[PDB]
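Beneath this line is the structure, given in structure tokens, with notes to follow.
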């Protein structure tokens, strides 16, 4: 089997991407944030505290003839950005782009933090990191990909995120028309439950490539690119007037600037992030100070290849017995 679904930016900055997901019988379609940095599939639901729902589409398990309470199971998750959610668990039929999993754990939110409430466009998350991170207790549950894997033509999914435009998540096959040149594959460590890999270095604009190992995670659920302070300082030093602002919470730059590109290494290959991808617009409406899309990972504890990086590539998440990651230009 295979699946193929379009993923769409939630706003004009590509702050996140939503992908339609069919849950239950008859189908209830929710727009979920596919997140390769976590491993819970959770949804706004009929059980979500009413004051914490503001425009989201909810899953109502009582209206699904295939929903079954997973007795005794609860979940609770906290994300790197400080947001959180928790609730109980149903199993139900879940389909993504024509690919169907029966008996998928659908984690029903009883509580969500304010950032989720305030984002009416995201109806929940669909985790695509390794199932070892799944938060369901007392019986850990498998991700959608884990459950689908054996049925897939090939045990892979791919992320093809658009810049200010829709893109695609494919399951079970590699679309050879979706990228240019060849795919370069690189080793993955699953020791932290992430799609963790080591970049071979970077360049700023037309500058020379610096060979240096940068360990980080491929995370579709993080907006920006978070890298060591040395790397990030080198990038923003090439933008006149750029500075790190503690009050804003990162590097800002004059909105009048032309940003340089940023290149990262995948083995001997090179992925180029155009400068425009690194512009996240005025810090507040009407401001001439703009927020940077490359930020320091210092104090996160891990480097994160988020959407800013991933949307510059066609990315293969290879879930073979020994997982690997592939990157191609496009």
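Chain A residue numbers are taken from Swiss-Prot; in order, the displayed residues are 90-419.
The deposited model was determined using X-ray crystallography, 1.5 Å.
Backbone N, Cα and C define each Cβ position, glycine as well.
Taken from Swiss-Prot, the feature domain 'Peptidase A1' covers 106-417.
In the three-state DSSP reading, residue 124 (active site) counts as strand. If you draw a 10 Å sphere around the CB of residue 124 (active site), it holds 21 other CB atoms from the protein chains shown. The feature active site is assigned by Swiss-Prot to 124 (among others).
As annotated by Swiss-Prot, active site applies to 288 (among others). Within the same chain, the residues at least 6 positions away from residue 288 (active site) whose Cβ sits under 8 Å from its Cβ are 302, 303, 304, 305, 353, 354, 355, 394, listed in sequence order.
If you look up Swiss-Prot, you'll see 344-379 marked as disulfide bond. Residue 379 (disulfide bond) falls within a strand segment according to DSSP.
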Fewest other Cβ atoms within 10 Å: which of the disulfide-bonded residues 344, 379 wins that one? Let me know.
344
DSSP state at residue 288 (active site), helix/strand/coil
strand
Rounded to the nearest angstrom, how far is the Cα of residue 124 (active site) from the Cα of residue 344 (disulfide bond)?
30
